[PDB]
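**Q** Structure provided below as structure tokens; questions to follow.
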Number of protein chains: 2
Amino acid sequence: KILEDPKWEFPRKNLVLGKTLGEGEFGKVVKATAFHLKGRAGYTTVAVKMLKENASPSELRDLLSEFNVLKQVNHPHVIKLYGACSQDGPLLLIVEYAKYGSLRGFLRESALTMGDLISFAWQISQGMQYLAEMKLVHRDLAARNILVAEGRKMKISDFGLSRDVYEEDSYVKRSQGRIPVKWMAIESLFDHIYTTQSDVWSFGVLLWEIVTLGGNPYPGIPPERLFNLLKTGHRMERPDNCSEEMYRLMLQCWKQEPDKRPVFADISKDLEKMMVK
Amino acid sequence: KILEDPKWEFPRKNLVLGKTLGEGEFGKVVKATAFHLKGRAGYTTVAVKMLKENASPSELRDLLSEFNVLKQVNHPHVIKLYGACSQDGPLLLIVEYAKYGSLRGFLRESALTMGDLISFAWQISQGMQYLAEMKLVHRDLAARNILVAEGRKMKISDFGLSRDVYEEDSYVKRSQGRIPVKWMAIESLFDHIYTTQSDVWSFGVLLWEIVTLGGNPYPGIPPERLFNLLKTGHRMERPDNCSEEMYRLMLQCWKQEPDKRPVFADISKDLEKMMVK
Ligand SMILES: Cc1ccc(-c2nn(C(C)(C)C)c3ncnc(N)c23)cc1
Ligand SMILES: Cc1ccc(-c2nn(C(C)(C)C)c3ncnc(N)c23)cc1
């Protein structure tokens with residue numbers, strides 16, 4: 001029983017699904033083509049996300065949660081929602097198509113200069129600054145949760161775990177322990193507290209992933225040992241393809257006090273100062 | 001911070017990990033060899049389960065939950081726990097090794113006669129009757145959660161979501177919506193009620209998977225539409241490789257009233273009557 005919003009409902013007969021682009025804990029995403037989308041004559045190459053054959057109740061809640069947050073945002077660096085098919089069969093979410101795939105895969109498949117990586121971090125920081133202005137916390141901010149559309153333009157994705165900056169619900173059942181530990185902020189890891197400043201912590205780990213072309217954060221460190229490491233003040237070390245100014249930004253994102261961490265508005269200007277220089 | 005039980009702690013220096021056997025929502029399972037296990041001189045081919053590099057707090061809780069339930073059971077058709085490495089690094093669970101892999105994959109890879117399939121259902125019903133005697137509900141009973149060791153002997157696995165038949169804890173934080181809908185009992189789907197009779201419902205779906213050699217239950221039916229179908233009394237249809245007596249057993253497992261469903265003790269005798277005849 002899903003409410004069908006007419007502003008986003010799309011006819012299933014006007015949608016042809018193609019080959020599977022990926023399947024896992026996120027769901028089932030297939031490539032597809034949608035004709036007469038948004039009233040524009042012709043067809044459009046899109047991406048359709050659906051539940052798996054072995055989906056659980058929580059898997060639907062995330063797809064509906066992802067559906068809600070995508071109806072409310074709009075940004076050239078946040079994946080765009082085009083339509084949905086909530087009636088007469090399976091639930092399909094029709095969104096923008098990212099040719100080059102997820103960012104974690106795109107970085108691993110690599111020729112990219114250091115200017116290309118700072119551009120990626122700049123785009124992600126731009127969209128995140130917008131989400132902060134939209135009163136949203138992403139929580140699940142990582143390299144795997146970022147898409148790469150055509151033009152190598154970064155697109156923020158996976159809003160199934162996102163919450164409001166101001167809780168606008170009388171009773172919200174709390175999701176528990178669904179954020180990977182190595183991307184969790186120390187206060188989120190210690191008291192289940194997720195904020196925009198916690199996304200900055202997650203963004204700092206994202207910077208580490210980009211400068212390493214899809215590296216595994218805290219290498220060889222069991223995630224069950226990371227709480228003790230972060231509680232004592234230990235962070236990650238300087239990687240190989242990192243400058244003195246770039247590594248300083250990661251540590252500012254990893255400051256213990258969330259007030260001592262920069263906001264995404266400052267991160268965008270800090271990263272542009274690296275692009276110009 | 002994990003408590004190290006000396007009855008199950010095993011030295012990491014006495015364990016060599018090999019190639020990865022599988023990775024996903026369940027965790028990371030690698031093939032390995034353990035020397036001087038259980039005091040027996042020599043080495044033993046085992047399987048080691050560990051957390052992923054992007055594991056979340058709940059992923060650890062399941063591994064610890066799976067660890068607890070495996071310390072307490074023993075059956076030739078339930079996977080056997082051999083040891084663990086909870087100190088000085090990553091958390092490793094050392095259990096029995098299943099050469100032929102998961103049951104869902106083993107059925108799909110297939111020459112098997114109808115007698116071979118009833119034998120598999122018999123073995124799974126035997127171990128489940130034992131778990132019911134051990135006051136345990138498995139909940140996540142499916143074909144993917146069953147292993148096939150050497151000799152094509154069935155081994156019940158994945159106890160991360162298992163609960164006690166009698167709740168022996170003052171405050172237990174409830175996991176929510178982690179069982180795939182198509183395997184959920186109608187009362188579990190309607191009021192979050194998981195019991196041994198609900199495992200019989202799940203076992204009936206497992207029978208359907210075996211007689212179809214790893215088929216997808218309720219084919220072409222969106223899992224969001226299954227609650228309405230089961231609430232109106234509709235079940236699955238007779239498959240192709242199913243007898244009149246075998247299909248009757250599935251429907252008895254799918255009876256609305258859980259008291260109207262058979263117990264695993266009767267299922268073992270019902271399946272043996274098919275093996276003899
Ligand atoms: C709502 C929604 C829908 C689809 C996706 C998505 N996942 N993925 C994979 C997982 C294949 C990289 C994609 N690859 C390309 N384009 C996409 N749009 C996606 C993400 C969110
Ligand atoms: C505690 C525990 C440890 C390992 C496994 C396990 N998963 N898997 C896959 C997923 C590769 C089929 C296995 N394949 C063979 N043998 C095994 N033992 C396993 C299950 C539970």
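How things are named: the first chain in the structure tokens is A, the next is B, and so on; residues count from 1 in each chain; ligands count from 1 in the order shown.
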Please identify every residue of chain B that has at least one atom no more than 7 Å from any atom of chain A, counting only C-alpha atoms, and report them as an mmCIF file with N, CA and C atoms, in the first residue's frame.
**A**
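Ended up saving to part.cif:
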```
data_model
loop_
_atom_site.group_PDB
_atom_site.id
_atom_site.type_symbol
_atom_site.label_atom_id
_atom_site.label_comp_id
_atom_site.auth_asym_id
_atom_site.auth_seq_id
_atom_site.Cartn_x
_atom_site.Cartn_y
_atom_site.Cartn_z
ATOM 1 N N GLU B 25 25.840 -9.239 1.940
ATOM 2 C CA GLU B 25 25.143 -8.787 3.139
ATOM 3 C C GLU B 25 25.424 -9.696 4.328
ATOM 4 N N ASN B 54 33.599 -2.386 5.153
ATOM 5 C CA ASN B 54 32.566 -1.366 5.277
ATOM 6 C C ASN B 54 31.433 -1.852 6.170
ATOM 7 N N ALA B 55 31.774 -2.620 7.200
ATOM 8 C CA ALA B 55 30.766 -3.174 8.090
ATOM 9 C C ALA B 55 30.192 -2.093 8.998
ATOM 10 N N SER B 56 28.933 -2.269 9.363
ATOM 11 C CA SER B 56 28.193 -1.372 10.228
ATOM 12 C C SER B 56 28.002 -2.007 11.599
ATOM 13 N N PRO B 57 27.580 -1.227 12.600
ATOM 14 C CA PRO B 57 27.338 -1.817 13.927
ATOM 15 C C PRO B 57 26.414 -3.027 13.910
ATOM 16 N N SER B 58 25.344 -2.997 13.111
ATOM 17 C CA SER B 58 24.436 -4.140 13.065
ATOM 18 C C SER B 58 25.107 -5.365 12.461
ATOM 19 N N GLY B 89 43.250 -8.247 17.088
ATOM 20 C CA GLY B 89 42.960 -7.963 15.704
ATOM 21 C C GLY B 89 41.527 -8.241 15.299
ATOM 22 N N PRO B 90 41.338 -8.636 14.042
ATOM 23 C CA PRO B 90 39.981 -8.801 13.516
ATOM 24 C C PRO B 90 39.274 -9.997 14.128
ATOM 25 N N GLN B 176 14.254 -5.019 12.941
ATOM 26 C CA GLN B 176 13.014 -4.706 12.238
ATOM 27 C C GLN B 176 13.121 -4.857 10.720
ATOM 28 N N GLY B 177 12.307 -5.754 10.167
ATOM 29 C CA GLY B 177 12.185 -5.901 8.730
ATOM 30 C C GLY B 177 13.425 -6.425 8.039
ATOM 31 N N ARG B 178 14.021 -7.485 8.577
ATOM 32 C CA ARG B 178 15.226 -8.061 7.997
ATOM 33 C C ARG B 178 14.991 -9.422 7.360
ATOM 34 N N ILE B 179 13.778 -9.946 7.420
ATOM 35 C CA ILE B 179 13.435 -11.229 6.813
ATOM 36 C C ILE B 179 12.799 -10.955 5.452
ATOM 37 N N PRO B 180 13.234 -11.627 4.387
ATOM 38 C CA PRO B 180 12.607 -11.408 3.077
ATOM 39 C C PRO B 180 11.122 -11.734 3.110
ATOM 40 N N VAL B 181 10.335 -10.882 2.449
ATOM 41 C CA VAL B 181 8.880 -10.928 2.581
ATOM 42 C C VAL B 181 8.329 -12.268 2.108
ATOM 43 N N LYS B 182 8.869 -12.798 1.009
ATOM 44 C CA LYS B 182 8.309 -14.008 0.419
ATOM 45 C C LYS B 182 8.515 -15.237 1.294
ATOM 46 N N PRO B 222 5.290 -8.965 -7.210
ATOM 47 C CA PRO B 222 6.044 -8.009 -6.398
ATOM 48 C C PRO B 222 5.860 -8.299 -4.922
#
```
**Q** Please provide the set of residues having any atom within 12 Å of residue 146 of chain B, restricted to only C-alpha atoms, with same-chain residues fewer than 2 positions apart removed, written as a PyMOL selection string.
**A** chain B and resi 77-79+98+100-107+120-121+123-125+127-128+138+140-144+148-149+152-159+203+206+209-210+214
**Q** Pick the closest to residue 126 of chain A from A:75, A:196, A:165, A:94: which is it, counting only C-alpha atoms?
**A**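 Ranking A:75, A:196, A:165, A:94 by distance to residue 126 of chain A, first place goes to A:75.
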**Q** I need the residues in segment 126-161 of chain B that are strand (DSSP E or B) according to DSSP; give them as an MDAnalysis selection string.
**A** chainID B and resid 136:137 146:148 154:156
**Q** To one decimal place in Å, what is the distance between atom CA of residue 193 of chain A and atom CA of residue 170 of chain A?
**A**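 Between these atoms lies a distance of 18.5 Å.
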**Q** I'd like the neighbourhood of residue 47 of chain A as a PyMOL selection string, where a residue qualifies if any of its atoms comes within 7 Å (using only C-alpha atoms), though same-chain residues fewer than 3 positions away should be ignored.
**A** chain A and resi 29-32+94-97
**Q** Using only C-alpha atoms and all ligand atoms, which of the listed residues (B:70, B:34, B:40, B:5) sits closest to ligand 2?
**A**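 For ligand 2, the nearest of the given residues is B:70.
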**Q** Could you find all residues in segment 52-263 of chain B that DSSP calls helix (DSSP H, G or I) from the backbone, and write them as a PyMOL selection string?
**A** chain B and resi 57-72+103-109+114-133+181-183+186-191+196-211+223-231+244-253+258-260
**Q** What is the atom 5 (C, counted along the ligand's line) of ligand 1-atom CA of residue 44 of chain A distance in Å, reported with one decimal?
**A**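 Computing it gives 15.9 Å between the two atoms.
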**Q** Mind pulling up the distance from atom CA of residue 117 of chain B to atom CA of residue 82 of chain B?
**A**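 Here the two named atoms are 28.4 Å from each other.
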**Q** Rank B:122, B:163, B:8, B:28 by their smallest atom-to-atom distance to residue 87 of chain B, using only C-alpha atoms, and report the top residue only.
**A** B:8
**Q** Hey, which of B:267, B:205, B:249, B:63 ends up closest to ligand 2? Count only C-alpha atoms and all ligand atoms.
**A**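 The shortest atom-to-atom distance to ligand 2 comes from B:63.
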**Q** Which residues are near residue 255 of chain A? Cut-off 12 Å, only C-alpha atoms, ignore same chain within fewer than 2 positions. Put them as a ChimeraX atom specification.
**A** /A:185-187,197-198,200-202,204,230-231,233-236,248-253,257-262
